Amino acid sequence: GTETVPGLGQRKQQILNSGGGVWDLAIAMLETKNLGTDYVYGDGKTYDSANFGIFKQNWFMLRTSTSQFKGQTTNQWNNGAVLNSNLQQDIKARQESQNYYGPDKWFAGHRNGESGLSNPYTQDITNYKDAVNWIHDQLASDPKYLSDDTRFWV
């Protein structure tokens, strides 16, 4: 459905002004209500499972597929927390990660980490991918949704 979140429109514009596209906005919109990074640290997870930034990218993905973190170890997972305060780096990391894995494998590793890359096409990953695509379709339907306070949720 849809809900109105006061001030969300300014944050959408900040994401688009910081290198994000509509597709990035759709992913972030699914992950948090406020397009924010103020969920609990690591979204409560640690090491390769820890989540950072507006997309809740996991550390496994960051350390294997971004210019900023490639080659870093599982033990260095707290390094990902800089994405909670640097929106430009957060967006660039997700785009690089998707351009490394391609969209199908990026979805799988984003959702199921390393085990997801072993088969991107299970139903659980499909459900997440379908939800992002529905949200993108809504955002792409009218330019007003790129700057108003409308949130599409699944």
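All residue numbers are counted from 1 along the displayed sequence.
Of the two segments, 108-116 and 31-39, the one listed with the higher mean B-factor is 108-116 (C-alpha atoms only). The PDB entry records a higher mean C-alpha B factor for 123-131 than for its counterpart among 53-61 and 123-131. Split the chain's modelled residues into thirds by C-alpha temperature factor. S97 is in the lowest one.
The entry lists a Cα temperature factor for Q89 that places it in the lowest third of the chain's modelled residues. The PDB entry assigns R11 a C-alpha temperature factor belonging to the middle third of its chain's modelled residues. Per the deposited record, the Cα B-factor of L139 falls in the lowest third when ranked against the other modelled residues of its chain.
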